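In the form deposited in one PDB entry, a lone chain appears below as structure tokens.
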């Protein structure tokens, strides 16, 4: 009796959830034909909202594993759908370690950016969702998170793209790298237009409001005011099959360790 537990931050937006979370959940479940698929969200705020508005009861990672032990699952494999290997992920690391004694085997895969090779692979994956570019055009990715794990990861990715001349740049909403610096920089280089894409699992309010909207504080209005027309592409990273494949590869690395 084996289980597969897929852990996300969460979203209360059904459509982007279905397109990213569920799509990742499905591929992960499908690569484990002998496991039952279970879900857990981490964000209390999202859990409460789905409960009050939809009647949906989403377990936390602690509630999910306790219910799995009560159902007789002795071996549970867990994959978290995080981009950053940081604070959210370490919280799941602790909770898994705590509840380990309830099971014969508990295994946990790691977030997207957890080694040099993940950065390499993630940049290959991102290249698959980028539209055809004019040479004065670039794609601009919008990350989220101000922790030191998150912004260093965004900077590093920007550092690698720039060095290798990948036709994209990475910024982080209200974090680093800063989009105003990026805008200045792209303007001084002669950038003609940009494609804004979320560097996030799902397209939530950050992507809808801060990245793509018509509010004057959005990244696309600020690119436009700098004379660099911006076209928003509201899709989470879960919609990209190359990213879903990285999640799968991480689940199987953990199982194989």
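Numbering follows the first chain given and starts at 1. Shifts are known only where both forms have a C-alpha. We call the rigid core whatever largest set of C-alpha positions still superposes within 1.5 Å between the two forms.
Here the subject shifts to the form deposited in another entry, a form of this protein not shown in this document.
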Next item on the list: Choose, among 147, 162, 71, 136, the residue with a C-alpha displacement of 2 Å or more between this form and the one not shown when the rigid core is used for superposition.
Entry: 147
Next item on the list: Align on the rigid core first; then say whether the Cα of residue 206 has moved by at least 2 Å between this form and the one not shown.
Entry: yes
Check: Closer or farther: how do the Cα atoms of residue 62 and residue 148 compare in the other entry relative to this form, given a change of at least 3 Å?
Finding: closer
Check: Compared with this form, is the residue 44-residue 148 Cα separation smaller or larger in the other entry, the difference being 3 Å or more?
Finding: closer
Next item on the list: Three or more consecutive residues, each Cα shifted by 2 Å or more between this form and the one not shown after core superposition: list those runs for me in sequence order.
Entry: 146-151, 204-207
